[PDB]
$ cat final33.cif   # mmCIF, C-alpha atoms and all ligand atoms
data_start
loop_
_atom_site.group_PDB
_atom_site.id
_atom_site.type_symbol
_atom_site.label_atom_id
_atom_site.label_comp_id
_atom_site.auth_asym_id
_atom_site.auth_seq_id
_atom_site.Cartn_x
_atom_site.Cartn_y
_atom_site.Cartn_z
ATOM 1 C CA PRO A 1 -44.505 18.523 -63.149
ATOM 2 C CA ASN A 2 -43.085 20.680 -65.963
ATOM 3 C CA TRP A 3 -40.669 22.683 -63.774
ATOM 4 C CA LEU A 4 -38.657 20.121 -61.724
ATOM 5 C CA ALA A 5 -38.298 22.042 -58.444
ATOM 6 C CA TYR A 6 -37.572 18.884 -56.443
ATOM 7 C CA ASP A 7 -35.088 18.244 -53.651
ATOM 8 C CA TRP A 8 -32.533 16.372 -55.725
ATOM 9 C CA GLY A 9 -30.475 15.465 -52.645
ATOM 10 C CA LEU A 10 -33.175 13.017 -51.548
ATOM 11 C CA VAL A 11 -33.173 11.669 -55.105
ATOM 12 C CA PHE A 12 -29.425 10.980 -54.864
ATOM 13 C CA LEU A 13 -29.897 9.319 -51.467
ATOM 14 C CA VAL A 14 -32.579 6.935 -52.756
ATOM 15 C CA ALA A 15 -30.472 6.174 -55.844
ATOM 16 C CA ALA A 16 -27.382 5.483 -53.704
ATOM 17 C CA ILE A 17 -29.137 3.053 -51.366
ATOM 18 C CA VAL A 18 -30.745 1.345 -54.393
ATOM 19 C CA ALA A 19 -27.409 0.966 -56.220
ATOM 20 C CA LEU A 20 -25.882 -0.519 -53.073
ATOM 21 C CA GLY A 21 -28.755 -2.977 -52.817
ATOM 22 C CA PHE A 22 -28.155 -4.045 -56.419
ATOM 23 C CA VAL A 23 -24.379 -4.399 -56.139
ATOM 24 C CA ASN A 24 -24.907 -6.443 -52.962
ATOM 25 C CA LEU A 25 -27.584 -8.742 -54.374
ATOM 26 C CA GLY A 26 -25.190 -9.614 -57.192
ATOM 27 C CA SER A 27 -22.825 -11.144 -54.621
ATOM 28 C CA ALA A 28 -25.170 -11.823 -51.683
ATOM 29 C CA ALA A 29 -26.545 -15.181 -52.854
ATOM 30 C CA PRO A 30 -26.676 -14.280 -56.566
ATOM 31 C CA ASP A 31 -28.492 -16.078 -59.379
ATOM 32 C CA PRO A 32 -28.850 -15.166 -63.081
ATOM 33 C CA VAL A 33 -32.670 -15.303 -62.938
ATOM 34 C CA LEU A 34 -33.050 -13.799 -59.449
ATOM 35 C CA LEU A 35 -31.407 -10.480 -60.450
ATOM 36 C CA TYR A 36 -33.757 -10.004 -63.429
ATOM 37 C CA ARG A 37 -36.981 -9.966 -61.404
ATOM 38 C CA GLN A 38 -35.693 -7.155 -59.210
ATOM 39 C CA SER A 39 -34.255 -5.250 -62.157
ATOM 40 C CA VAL A 40 -37.713 -5.325 -63.762
ATOM 41 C CA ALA A 41 -39.121 -4.247 -60.404
ATOM 42 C CA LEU A 42 -36.758 -1.256 -60.388
ATOM 43 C CA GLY A 43 -37.860 -0.340 -63.895
ATOM 44 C CA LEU A 44 -41.514 -0.588 -62.865
ATOM 45 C CA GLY A 45 -40.791 1.380 -59.699
ATOM 46 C CA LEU A 46 -39.084 4.298 -61.413
ATOM 47 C CA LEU A 47 -41.758 4.210 -64.110
ATOM 48 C CA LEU A 48 -44.592 4.322 -61.564
ATOM 49 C CA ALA A 49 -42.896 7.031 -59.515
ATOM 50 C CA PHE A 50 -42.519 9.057 -62.707
ATOM 51 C CA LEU A 51 -46.143 8.476 -63.771
ATOM 52 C CA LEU A 52 -47.281 9.718 -60.362
ATOM 53 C CA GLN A 53 -45.548 13.038 -61.083
ATOM 54 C CA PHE A 54 -48.418 13.951 -63.445
ATOM 55 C CA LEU A 55 -50.519 14.244 -60.278
ATOM 56 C CA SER A 56 -51.099 17.461 -58.360
ATOM 57 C CA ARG A 57 -51.053 17.451 -54.579
ATOM 58 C CA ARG A 58 -54.631 18.784 -54.550
ATOM 59 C CA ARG A 59 -55.797 15.635 -56.342
ATOM 60 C CA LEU A 60 -53.540 13.443 -54.185
ATOM 61 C CA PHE A 61 -55.148 14.659 -50.968
ATOM 62 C CA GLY A 62 -58.555 14.557 -52.632
ATOM 63 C CA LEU A 63 -57.934 10.802 -52.924
ATOM 64 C CA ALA A 64 -57.037 10.522 -49.231
ATOM 65 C CA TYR A 65 -60.322 8.887 -48.211
ATOM 66 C CA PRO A 66 -61.003 6.778 -51.355
ATOM 67 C CA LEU A 67 -57.518 5.254 -51.238
ATOM 68 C CA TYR A 68 -58.030 4.418 -47.545
ATOM 69 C CA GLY A 69 -61.343 2.713 -48.256
ATOM 70 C CA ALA A 70 -59.845 0.767 -51.164
ATOM 71 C CA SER A 71 -56.960 -0.433 -49.018
ATOM 72 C CA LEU A 72 -59.448 -1.513 -46.340
ATOM 73 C CA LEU A 73 -61.551 -3.474 -48.838
ATOM 74 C CA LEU A 74 -58.355 -4.976 -50.337
ATOM 75 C CA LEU A 75 -57.010 -5.999 -46.923
ATOM 76 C CA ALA A 76 -60.377 -7.647 -46.338
ATOM 77 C CA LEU A 77 -60.329 -9.332 -49.771
ATOM 78 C CA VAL A 78 -56.802 -10.730 -49.430
ATOM 79 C CA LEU A 79 -58.038 -12.776 -46.451
ATOM 80 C CA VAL A 80 -60.524 -14.592 -48.706
ATOM 81 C CA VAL A 81 -58.726 -15.003 -52.054
ATOM 82 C CA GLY A 82 -55.058 -14.757 -51.048
ATOM 83 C CA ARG A 83 -52.095 -17.128 -51.278
ATOM 84 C CA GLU A 84 -50.498 -18.624 -48.167
ATOM 85 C CA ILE A 85 -46.714 -18.231 -47.961
ATOM 86 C CA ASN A 86 -45.378 -18.438 -44.414
ATOM 87 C CA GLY A 87 -48.695 -19.410 -42.831
ATOM 88 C CA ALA A 88 -50.548 -16.179 -43.685
ATOM 89 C CA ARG A 89 -52.368 -15.065 -46.838
ATOM 90 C CA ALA A 90 -51.093 -11.529 -47.458
ATOM 91 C CA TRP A 91 -50.323 -11.512 -51.197
ATOM 92 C CA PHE A 92 -52.290 -11.301 -54.417
ATOM 93 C CA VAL A 93 -50.596 -13.553 -56.982
ATOM 94 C CA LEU A 94 -51.929 -13.275 -60.534
ATOM 95 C CA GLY A 95 -49.149 -15.171 -62.297
ATOM 96 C CA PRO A 96 -46.266 -12.743 -62.767
ATOM 97 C CA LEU A 97 -48.139 -10.061 -60.754
ATOM 98 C CA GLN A 98 -47.489 -9.866 -56.994
ATOM 99 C CA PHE A 99 -49.406 -7.172 -55.073
ATOM 100 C CA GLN A 100 -49.587 -7.074 -51.255
ATOM 101 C CA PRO A 101 -52.350 -4.815 -49.855
ATOM 102 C CA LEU A 102 -50.156 -3.764 -46.915
ATOM 103 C CA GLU A 103 -48.411 -1.086 -48.996
ATOM 104 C CA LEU A 104 -51.673 0.438 -50.228
ATOM 105 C CA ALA A 105 -52.879 0.369 -46.615
ATOM 106 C CA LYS A 106 -49.809 2.246 -45.372
ATOM 107 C CA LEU A 107 -50.091 5.005 -47.982
ATOM 108 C CA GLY A 108 -53.884 5.276 -47.725
ATOM 109 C CA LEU A 109 -53.839 5.500 -43.933
ATOM 110 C CA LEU A 110 -51.040 8.085 -43.971
ATOM 111 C CA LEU A 111 -53.015 10.248 -46.419
ATOM 112 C CA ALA A 112 -56.355 9.771 -44.637
ATOM 113 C CA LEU A 113 -54.956 10.584 -41.193
ATOM 114 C CA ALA A 114 -52.959 13.560 -42.482
ATOM 115 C CA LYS A 115 -56.030 15.067 -44.171
ATOM 116 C CA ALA A 116 -58.442 14.374 -41.313
ATOM 117 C CA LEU A 117 -55.962 15.791 -38.769
ATOM 118 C CA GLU A 118 -55.280 19.297 -40.146
ATOM 119 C CA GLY A 119 -58.239 21.095 -38.554
ATOM 120 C CA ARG A 120 -56.636 22.575 -35.438
ATOM 121 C CA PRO A 121 -59.681 22.552 -33.093
ATOM 122 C CA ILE A 122 -61.252 19.172 -32.305
ATOM 123 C CA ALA A 123 -63.765 17.944 -29.744
ATOM 124 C CA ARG A 124 -62.197 16.628 -26.537
ATOM 125 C CA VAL A 125 -63.129 13.014 -27.391
ATOM 126 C CA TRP A 126 -62.095 12.546 -31.063
ATOM 127 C CA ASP A 127 -58.417 13.193 -30.216
ATOM 128 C CA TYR A 128 -58.491 9.527 -29.145
ATOM 129 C CA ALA A 129 -61.202 8.136 -31.418
ATOM 130 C CA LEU A 130 -60.439 9.515 -34.887
ATOM 131 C CA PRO A 131 -56.943 7.952 -35.199
ATOM 132 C CA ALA A 132 -58.332 4.912 -33.374
ATOM 133 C CA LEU A 133 -61.279 4.313 -35.688
ATOM 134 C CA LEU A 134 -59.124 5.017 -38.738
ATOM 135 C CA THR A 135 -56.241 2.708 -37.686
ATOM 136 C CA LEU A 136 -58.000 -0.185 -35.950
ATOM 137 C CA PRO A 137 -59.636 -1.623 -39.118
ATOM 138 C CA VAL A 138 -56.227 -1.629 -40.831
ATOM 139 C CA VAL A 139 -54.279 -3.148 -37.924
ATOM 140 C CA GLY A 140 -57.040 -5.683 -37.291
ATOM 141 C CA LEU A 141 -57.172 -6.799 -40.915
ATOM 142 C CA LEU A 142 -53.375 -6.966 -40.803
ATOM 143 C CA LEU A 143 -53.532 -9.312 -37.783
ATOM 144 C CA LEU A 144 -56.141 -11.621 -39.393
ATOM 145 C CA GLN A 145 -53.625 -12.792 -42.018
ATOM 146 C CA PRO A 146 -51.596 -12.846 -39.664
ATOM 147 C CA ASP A 147 -48.802 -10.305 -40.489
ATOM 148 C CA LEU A 148 -47.748 -8.230 -37.482
ATOM 149 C CA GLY A 149 -44.660 -6.688 -39.091
ATOM 150 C CA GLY A 150 -46.823 -4.535 -41.322
ATOM 151 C CA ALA A 151 -49.096 -3.993 -38.332
ATOM 152 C CA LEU A 152 -46.105 -2.651 -36.387
ATOM 153 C CA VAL A 153 -45.081 -0.375 -39.271
ATOM 154 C CA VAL A 154 -48.620 0.974 -39.634
ATOM 155 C CA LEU A 155 -49.148 1.523 -35.907
ATOM 156 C CA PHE A 156 -45.778 3.214 -35.466
ATOM 157 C CA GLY A 157 -46.479 5.488 -38.413
ATOM 158 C CA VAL A 158 -49.777 6.493 -36.806
ATOM 159 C CA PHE A 159 -47.822 7.117 -33.615
ATOM 160 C CA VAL A 160 -45.465 9.465 -35.449
ATOM 161 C CA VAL A 161 -48.334 11.368 -37.103
ATOM 162 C CA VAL A 162 -50.171 11.760 -33.800
ATOM 163 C CA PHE A 163 -47.027 12.712 -31.840
ATOM 164 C CA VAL A 164 -45.887 15.362 -34.324
ATOM 165 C CA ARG A 165 -49.467 16.665 -34.501
ATOM 166 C CA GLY A 166 -49.973 17.071 -30.751
ATOM 167 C CA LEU A 167 -52.575 14.514 -29.686
ATOM 168 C CA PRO A 168 -52.747 11.593 -27.222
ATOM 169 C CA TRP A 169 -49.982 9.204 -28.274
ATOM 170 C CA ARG A 170 -49.105 7.191 -25.157
ATOM 171 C CA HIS A 171 -51.906 4.686 -25.762
ATOM 172 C CA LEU A 172 -50.503 4.151 -29.263
ATOM 173 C CA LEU A 173 -47.052 3.284 -27.879
ATOM 174 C CA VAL A 174 -48.686 0.960 -25.352
ATOM 175 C CA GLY A 175 -50.466 -0.813 -28.196
ATOM 176 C CA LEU A 176 -47.250 -0.858 -30.224
ATOM 177 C CA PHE A 177 -45.062 -2.456 -27.564
ATOM 178 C CA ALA A 178 -47.801 -4.927 -26.591
ATOM 179 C CA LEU A 179 -48.277 -6.020 -30.198
ATOM 180 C CA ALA A 180 -44.470 -6.244 -30.525
ATOM 181 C CA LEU A 181 -44.369 -8.721 -27.610
ATOM 182 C CA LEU A 182 -46.473 -11.457 -29.255
ATOM 183 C CA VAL A 183 -43.760 -11.733 -31.934
ATOM 184 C CA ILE A 184 -15.598 -9.956 -40.799
ATOM 185 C CA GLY A 185 -13.452 -7.042 -39.644
ATOM 186 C CA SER A 186 -13.164 -3.409 -40.614
ATOM 187 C CA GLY A 187 -12.741 -4.420 -44.266
ATOM 188 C CA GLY A 188 -14.761 -7.593 -44.780
ATOM 189 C CA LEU A 189 -14.735 -10.076 -47.650
ATOM 190 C CA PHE A 190 -15.885 -7.934 -50.647
ATOM 191 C CA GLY A 191 -17.885 -10.764 -52.211
ATOM 192 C CA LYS A 192 -15.476 -13.517 -51.167
ATOM 193 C CA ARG A 193 -32.459 -18.543 -47.763
ATOM 194 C CA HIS A 194 -33.812 -16.442 -44.873
ATOM 195 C CA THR A 195 -35.335 -12.987 -45.337
ATOM 196 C CA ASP A 196 -32.022 -11.427 -44.199
ATOM 197 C CA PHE A 197 -29.999 -13.259 -46.897
ATOM 198 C CA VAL A 198 -29.192 -9.862 -48.469
ATOM 199 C CA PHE A 199 -28.120 -8.169 -45.242
ATOM 200 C CA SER A 200 -26.405 -11.047 -43.413
ATOM 201 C CA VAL A 201 -24.035 -11.308 -46.399
ATOM 202 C CA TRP A 202 -23.433 -7.539 -46.654
ATOM 203 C CA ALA A 203 -22.654 -7.242 -42.933
ATOM 204 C CA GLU A 204 -19.923 -9.908 -43.295
ATOM 205 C CA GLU A 205 -18.472 -9.135 -46.758
ATOM 206 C CA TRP A 206 -18.210 -5.383 -45.984
ATOM 207 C CA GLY A 207 -17.831 -5.388 -42.214
ATOM 208 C CA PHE A 208 -17.930 -2.407 -39.912
ATOM 209 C CA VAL A 209 -17.260 0.188 -42.617
ATOM 210 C CA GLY A 210 -20.046 -1.341 -44.710
ATOM 211 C CA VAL A 211 -22.670 -1.355 -41.965
ATOM 212 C CA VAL A 212 -21.605 2.101 -40.797
ATOM 213 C CA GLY A 213 -21.914 3.454 -44.340
ATOM 214 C CA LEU A 214 -25.302 1.847 -44.967
ATOM 215 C CA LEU A 215 -26.727 3.037 -41.639
ATOM 216 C CA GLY A 216 -25.289 6.436 -42.504
ATOM 217 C CA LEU A 217 -27.098 6.429 -45.844
ATOM 218 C CA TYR A 218 -30.319 5.567 -44.014
ATOM 219 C CA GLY A 219 -29.639 8.248 -41.400
ATOM 220 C CA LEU A 220 -29.154 10.881 -44.095
ATOM 221 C CA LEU A 221 -32.329 9.693 -45.829
ATOM 222 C CA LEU A 222 -34.397 9.989 -42.637
ATOM 223 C CA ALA A 223 -32.779 13.389 -41.990
ATOM 224 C CA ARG A 224 -33.682 14.717 -45.441
ATOM 225 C CA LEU A 225 -37.234 13.387 -45.054
ATOM 226 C CA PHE A 226 -37.733 15.140 -41.714
ATOM 227 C CA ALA A 227 -36.076 18.271 -43.162
ATOM 228 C CA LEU A 228 -38.522 18.304 -46.067
ATOM 229 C CA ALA A 229 -41.283 17.656 -43.513
ATOM 230 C CA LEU A 230 -40.770 20.863 -41.505
ATOM 231 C CA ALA A 231 -40.247 22.726 -44.803
ATOM 232 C CA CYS A 232 -43.946 22.478 -45.741
ATOM 233 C CA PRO A 233 -46.435 25.268 -44.882
ATOM 234 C CA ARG A 234 -49.489 23.007 -44.946
ATOM 235 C CA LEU A 235 -49.892 20.926 -41.794
ATOM 236 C CA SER A 236 -51.273 17.872 -43.598
ATOM 237 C CA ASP A 237 -48.078 17.706 -45.654
ATOM 238 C CA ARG A 238 -45.896 17.928 -42.547
ATOM 239 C CA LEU A 239 -47.888 15.049 -41.055
ATOM 240 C CA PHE A 240 -47.742 12.941 -44.230
ATOM 241 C CA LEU A 241 -43.984 13.374 -44.741
ATOM 242 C CA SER A 242 -43.243 12.634 -41.080
ATOM 243 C CA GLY A 243 -45.458 9.535 -41.046
ATOM 244 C CA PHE A 244 -43.689 8.220 -44.139
ATOM 245 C CA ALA A 245 -40.232 8.833 -42.652
ATOM 246 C CA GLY A 246 -41.326 7.150 -39.428
ATOM 247 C CA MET A 247 -42.514 4.006 -41.183
ATOM 248 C CA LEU A 248 -39.301 3.821 -43.216
ATOM 249 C CA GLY A 249 -36.958 4.312 -40.265
ATOM 250 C CA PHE A 250 -39.016 1.808 -38.283
ATOM 251 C CA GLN A 251 -38.563 -0.952 -40.855
ATOM 252 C CA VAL A 252 -34.825 -0.213 -40.830
ATOM 253 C CA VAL A 253 -34.550 -0.416 -37.043
ATOM 254 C CA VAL A 254 -36.704 -3.575 -37.019
ATOM 255 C CA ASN A 255 -34.212 -5.276 -39.322
ATOM 256 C CA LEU A 256 -31.434 -4.094 -36.982
ATOM 257 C CA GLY A 257 -32.886 -6.043 -34.043
ATOM 258 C CA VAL A 258 -33.610 -8.990 -36.335
ATOM 259 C CA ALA A 259 -29.904 -9.139 -37.226
ATOM 260 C CA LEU A 260 -28.998 -8.819 -33.534
ATOM 261 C CA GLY A 261 -31.146 -11.807 -32.547
ATOM 262 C CA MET A 262 -35.775 -11.407 -32.583
ATOM 263 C CA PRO A 263 -38.246 -13.076 -33.779
ATOM 264 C CA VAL A 264 -38.183 -12.112 -37.489
ATOM 265 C CA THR A 265 -40.926 -10.432 -39.512
ATOM 266 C CA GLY A 266 -41.558 -10.158 -43.231
ATOM 267 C CA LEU A 267 -40.216 -6.582 -43.212
ATOM 268 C CA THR A 268 -37.387 -6.071 -45.679
ATOM 269 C CA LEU A 269 -34.769 -3.366 -45.611
ATOM 270 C CA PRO A 270 -36.390 -0.710 -47.841
ATOM 271 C CA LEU A 271 -34.741 -0.115 -51.250
ATOM 272 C CA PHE A 272 -31.968 -2.538 -50.211
ATOM 273 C CA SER A 273 -33.287 -6.017 -49.423
ATOM 274 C CA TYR A 274 -34.575 -8.378 -52.102
ATOM 275 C CA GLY A 275 -38.228 -8.015 -53.076
ATOM 276 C CA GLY A 276 -39.872 -6.541 -56.150
ATOM 277 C CA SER A 277 -43.063 -5.347 -54.485
ATOM 278 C CA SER A 278 -41.247 -3.635 -51.605
ATOM 279 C CA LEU A 279 -38.930 -1.862 -54.044
ATOM 280 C CA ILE A 280 -41.812 -0.738 -56.265
ATOM 281 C CA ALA A 281 -43.916 0.402 -53.300
ATOM 282 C CA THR A 282 -41.041 2.281 -51.659
ATOM 283 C CA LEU A 283 -40.331 4.024 -54.951
ATOM 284 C CA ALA A 284 -44.011 4.925 -55.359
ATOM 285 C CA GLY A 285 -44.214 6.331 -51.844
ATOM 286 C CA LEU A 286 -41.026 8.296 -52.446
ATOM 287 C CA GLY A 287 -42.563 9.654 -55.653
ATOM 288 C CA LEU A 288 -45.619 10.777 -53.696
ATOM 289 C CA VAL A 289 -43.462 12.461 -51.065
ATOM 290 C CA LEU A 290 -41.405 14.146 -53.817
ATOM 291 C CA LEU A 291 -44.484 15.540 -55.559
ATOM 292 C CA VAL A 292 -45.961 16.826 -52.312
ATOM 293 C CA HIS A 293 -42.645 18.579 -51.660
ATOM 294 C CA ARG A 294 -42.580 20.135 -55.134
ATOM 295 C CA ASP A 295 -46.133 21.519 -54.736
ATOM 296 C CA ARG A 296 -45.538 22.858 -51.203
ATOM 297 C CA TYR A 297 -45.955 26.534 -52.213
ATOM 298 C CA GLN A 298 -49.221 26.224 -54.137
ATOM 299 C CA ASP A 299 -52.980 26.160 -53.610
HETATM 300 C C1 LIG B 1 -30.298 3.824 -59.892
HETATM 301 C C2 LIG B 1 -29.443 2.633 -59.508
HETATM 302 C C3 LIG B 1 -29.621 1.495 -60.497
HETATM 303 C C4 LIG B 1 -28.740 0.326 -60.097
HETATM 304 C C5 LIG B 1 -28.260 -0.434 -61.318
HETATM 305 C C6 LIG B 1 -29.415 -1.109 -62.026
HETATM 306 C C7 LIG B 1 -29.264 -2.613 -61.917
HETATM 307 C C8 LIG B 1 -28.431 -3.144 -63.064
HETATM 308 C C9 LIG B 1 -27.712 -4.409 -62.643
HETATM 309 C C10 LIG B 1 -26.921 -5.073 -63.514
HETATM 310 C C11 LIG B 1 -26.212 -6.334 -63.064
HETATM 311 C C12 LIG B 1 -25.395 -6.023 -61.825
HETATM 312 C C13 LIG B 1 -25.467 -7.159 -60.823
HETATM 313 C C14 LIG B 1 -24.497 -6.911 -59.680
HETATM 314 C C15 LIG B 1 -23.074 -6.812 -60.198
HETATM 315 C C16 LIG B 1 -22.213 -7.973 -59.732
HETATM 316 C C17 LIG B 1 -22.669 -9.274 -60.375
HETATM 317 C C18 LIG B 1 -21.551 -10.302 -60.454
HETATM 318 O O1 LIG B 1 -21.045 -10.536 -61.535
HETATM 319 O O2 LIG B 1 -21.105 -10.986 -59.300
HETATM 320 C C19 LIG B 1 -19.725 -11.307 -59.293
HETATM 321 C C20 LIG B 1 -19.013 -10.842 -58.031
HETATM 322 O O3 LIG B 1 -19.315 -9.491 -57.762
HETATM 323 C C21 LIG B 1 -17.514 -10.984 -58.223
HETATM 324 O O4 LIG B 1 -16.799 -10.519 -57.099
HETATM 325 CL CL CL B 2 -28.335 18.579 -52.229
HETATM 326 CL CL CL B 3 -50.669 10.998 -24.320
#

$ encode --input "final33.cif" --output "structure tokens" --more "lines below"
Ligand SMILES: CCCCCCCC/C=C/CCCCCCCC(=O)OC[C@H](O)CO
Ligand SMILES: [Cl-]
Ligand SMILES: [Cl-]
Amino acid sequence: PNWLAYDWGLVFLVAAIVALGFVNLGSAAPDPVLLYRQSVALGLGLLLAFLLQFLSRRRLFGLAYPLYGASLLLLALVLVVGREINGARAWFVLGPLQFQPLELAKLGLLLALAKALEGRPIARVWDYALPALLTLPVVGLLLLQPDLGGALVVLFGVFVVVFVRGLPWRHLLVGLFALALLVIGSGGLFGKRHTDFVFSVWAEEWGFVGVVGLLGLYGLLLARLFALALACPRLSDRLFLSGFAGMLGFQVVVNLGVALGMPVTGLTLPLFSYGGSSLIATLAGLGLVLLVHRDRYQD
């Protein structure tokens, strides 16, 4: 953490998408008190992503299995002592504190699957079972809320990890598509409510150049993630980085089809749409990915 050998390009990409999100929220249905909550979320997010830099990658992958278990027990616990919002209890609300176990599940499952899938030889049966028995508790506890947007993100991440690894992945796509079935000019206005109340306003006030630029920022972000992914000697790191990039790109392309018209899910546009927990969790995951990239040439 003392040396700062990071990929600063990815840092600039995250910062650029975040600054666009903030300058849009200030015109996309603004409110004096609704911009403060997300500003405090950004502060918390940067702070948490910095705190996680005092963590070696050895320790991070040592926590691969405990974090997975804790996300499983927290997914189970949110079903009992959660708060209903849109018909599903998926949030822990302790006054000003809002923590959804879906994010912890995503990171824990990515770490657990990456670590358990770096031994090249496996028995001819566990190529199906190991990702199955590690993903099914998470997806099942995500459907008991019910929240299938996070279930889709999780399952598609697992698909990406398995596919990049070199294991049976067709059954995962079958499960993914089956679960997914039960669901103003070139210039714009320039600043002149549903979940998409941050993106439906941006797409109209900034038009084709705005959407093209934002999708370009997301394309460059996914490109830099997959470039950092194949730039890691360890296989577990390759898997972890690629799973993260998959989940992120998948939320983005889910919001695309939502805007086209899908049904809608609770999945926000990462770093861009309104939501303090999603911002904080995306920043924390990006901090993890940044620290595993900085420790890529170490033991
Ligand atoms: C790393 C990136 C950090 C990003 C920066 C941290 C956030 C700070 C936000 C301050 C208020 C800005 C709110 C948005 C600005 C516009 C608000 C406004 O006055 O709306 C009027 C409208 O734009 C007239 O056309
Ligand atoms: Cl660069
Ligand atoms: Cl297959």

$ residues_around --input "final33.cif" --residues "residue A:87" --least-positions-apart "4" --cutoff "10 Å" --atoms "all atoms listed in the file" --output "list in words"
residues 83, 145, 146 and 147 of chain A

$ residues_around --input "final33.cif" --residues "residue A:118" --least-positions-apart "3" --cutoff "7 Å" --atoms "only C-alpha atoms" --output "compact mmCIF listing (two decimals) with C-alpha atoms, in the frame of the given file"
# COMPACT_ATOMS: atom_id res chain seq x y z
CA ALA A 114 -52.96 13.56 -42.48
CA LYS A 115 -56.03 15.07 -44.17
CA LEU A 235 -49.89 20.93 -41.79
CA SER A 236 -51.27 17.87 -43.60

$ resolve_selection --input "final33.cif" --expression "the PyMOL selection byres (((chain A and resi 282-297) around 9) and not hetatm)" --output "CSV table (one decimal) with C-alpha atoms, in the frame of the given file"
chain,number,residue,atom,x,y,z
A,1,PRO,CA,-44.5,18.5,-63.1
A,4,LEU,CA,-38.7,20.1,-61.7
A,5,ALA,CA,-38.3,22.0,-58.4
A,6,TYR,CA,-37.6,18.9,-56.4
A,7,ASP,CA,-35.1,18.2,-53.7
A,10,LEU,CA,-33.2,13.0,-51.5
A,11,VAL,CA,-33.2,11.7,-55.1
A,14,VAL,CA,-32.6,6.9,-52.8
A,42,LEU,CA,-36.8,-1.3,-60.4
A,45,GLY,CA,-40.8,1.4,-59.7
A,46,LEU,CA,-39.1,4.3,-61.4
A,48,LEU,CA,-44.6,4.3,-61.6
A,49,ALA,CA,-42.9,7.0,-59.5
A,50,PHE,CA,-42.5,9.1,-62.7
A,51,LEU,CA,-46.1,8.5,-63.8
A,52,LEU,CA,-47.3,9.7,-60.4
A,53,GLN,CA,-45.5,13.0,-61.1
A,54,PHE,CA,-48.4,14.0,-63.4
A,55,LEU,CA,-50.5,14.2,-60.3
A,56,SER,CA,-51.1,17.5,-58.4
A,57,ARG,CA,-51.1,17.5,-54.6
A,58,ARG,CA,-54.6,18.8,-54.6
A,60,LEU,CA,-53.5,13.4,-54.2
A,103,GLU,CA,-48.4,-1.1,-49.0
A,107,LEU,CA,-50.1,5.0,-48.0
A,225,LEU,CA,-37.2,13.4,-45.1
A,228,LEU,CA,-38.5,18.3,-46.1
A,229,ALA,CA,-41.3,17.7,-43.5
A,231,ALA,CA,-40.2,22.7,-44.8
A,232,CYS,CA,-43.9,22.5,-45.7
A,233,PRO,CA,-46.4,25.3,-44.9
A,234,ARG,CA,-49.5,23.0,-44.9
A,237,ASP,CA,-48.1,17.7,-45.7
A,240,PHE,CA,-47.7,12.9,-44.2
A,241,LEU,CA,-44.0,13.4,-44.7
A,244,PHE,CA,-43.7,8.2,-44.1
A,248,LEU,CA,-39.3,3.8,-43.2
A,270,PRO,CA,-36.4,-0.7,-47.8
A,271,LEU,CA,-34.7,-0.1,-51.2
A,277,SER,CA,-43.1,-5.3,-54.5
A,278,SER,CA,-41.2,-3.6,-51.6
A,279,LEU,CA,-38.9,-1.9,-54.0
A,280,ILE,CA,-41.8,-0.7,-56.3
A,281,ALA,CA,-43.9,0.4,-53.3
A,298,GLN,CA,-49.2,26.2,-54.1
A,299,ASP,CA,-53.0,26.2,-53.6

$ atom_distance --input "final33.cif" --atom1 "atom CA of residue A:182" --atom2 "atom CA of residue A:148"
8.9 Å

$ residues_near_ligand --input "final33.cif" --ligand "ligand CL 3 (chain B)" --cutoff "6 Å" --atoms "only C-alpha atoms and all ligand atoms" --output "PyMOL selection string"
chain A and resi 168-170

$ closest_residue --input "final33.cif" --among "A:272, A:9, A:253, A:122" --to "ligand CL 2 (chain B)" --atoms "all atoms listed in the file"
A:9

$ atom_distance --input "final33.cif" --atom1 "atom CA of residue A:101" --atom2 "atom CA of residue A:74"
6.0 Å

$ residues_around --input "final33.cif" --residues "residue A:218" --least-positions-apart "3" --cutoff "9 Å" --atoms "all atoms listed in the file" --output "ChimeraX atom specification"
/A:13,17,213-215,221-223,249,252

$ residues_near_ligand --input "final33.cif" --ligand "ligand LIG 1 (chain B)" --cutoff "9 Å" --atoms "all atoms listed in the file" --output "list in words"
residues 12, 14, 15, 16, 17, 18, 19, 20, 21, 22, 23, 24, 25, 26, 27, 28, 30, 31, 32, 35, 36, 38, 39, 42, 43, 46, 190, 191 and 192 of chain A

$ residues_around --input "final33.cif" --residues "residue A:112" --least-positions-apart "6" --cutoff "7 Å" --atoms "all atoms listed in the file" --output "ChimeraX atom specification"
/A:64-65,68

$ resolve_selection --input "final33.cif" --expression "the PyMOL selection byres (((chain A and resi 163-167) around 8) and not hetatm)" --output "PyMOL selection string"
chain A and resi 117+127-128+159-162+168-169+239+242
